[PDB]
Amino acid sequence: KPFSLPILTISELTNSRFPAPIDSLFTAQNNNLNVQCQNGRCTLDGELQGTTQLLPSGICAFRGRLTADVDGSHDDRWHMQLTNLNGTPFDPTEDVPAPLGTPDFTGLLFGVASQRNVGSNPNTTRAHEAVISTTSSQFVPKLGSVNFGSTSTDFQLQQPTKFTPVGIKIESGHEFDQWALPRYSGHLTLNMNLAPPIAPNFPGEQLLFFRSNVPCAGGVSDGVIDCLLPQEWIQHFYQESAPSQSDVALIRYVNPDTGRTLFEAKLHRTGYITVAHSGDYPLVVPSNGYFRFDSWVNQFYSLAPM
């Protein structure tokens, strides 16, 4: 079964680490960065890794029930007992770092918490701005719960609850670090079942990122979130499950109108891209362009400079 990429321009792609469109492509200078995001991780033959699931609506989202109000012990007073995103009960013994979709960054996640009542007063509803701090002592998704704070006090306990992500938030003491994983089991615990760290293994090569500037609810921020593979590619690989014939798939960025190849890159088996370049650089590419699979190669293949 031949490997392939979907035919999608940059404005037809979704970030796999935040529900947002891709804004640009970016290659970053190497500086011993531990790149170990847990969303947007997938092998080329379609094996999802880390906390990666298929739905853009699932990325940085939560589902469960509010079971406690801990006002006066924590600023994030609303205690949310999690289920899986599909509503099945969360199983802490599953060999994953956290429930699928859980945020993989350090900072304030801004969104909306909503409820739809069951029991008496069925289908009464409410929804308000809410913030989840991924550094809070109450951010323990692998243990089965997270907390959020809100300006509104109009939340009901023991009712079905959903958190819809919208953006990030910058506050004093809460800087945003997209490459620092949260502690999924809370303070003084270490993470387990992680998708491995990623890095170029070849001299002169740098990682290529799919970059989004996501919304931010106050503070100075470019809202940058970089993913290794767009969500549509992950969805595509999952469907196709094409066997990887080598550890490296050469891909060509093409202009469909002219037919010209604009540059070439290495698409690695474990699901990331490298290019031959030195220095930070936002790629200057046409709006109609996209990657195409060329051929299987190996680790020793020398990329034409970008």
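Just count from 1 along the sequence shown to find any residue number.
Averaged over their C-alpha atoms, the temperature factors of 147-155 and 223-231 are higher for 147-155. In this entry, the higher average B-factor at the C-alpha atoms falls on 71-79, of the pair 191-199 and 71-79. Looking at 93, 206, 213, 161, the one whose CA carries the top B-factor in the deposited record is 93. Taking the PDB entry at face value, the top CA B factor among 48, 242, 55, 33 belongs to 33.
Per-chain ranking of the deposited C-alpha B factor places residue 286 in the highest third. Among all modelled residues in its chain, residue 25 ranks in the middle third by Cα B-factor.
For residue 248, the recorded CA B-factor ranks within the highest third of the chain. Only modelled residues enter the ranking. Sorting the modelled residues of the chain by their CA temperature factor places residue 169 in the middle third. Among the modelled residues of its chain, residue 66 has a C-alpha B-factor that falls in the highest third, as given in the PDB entry.
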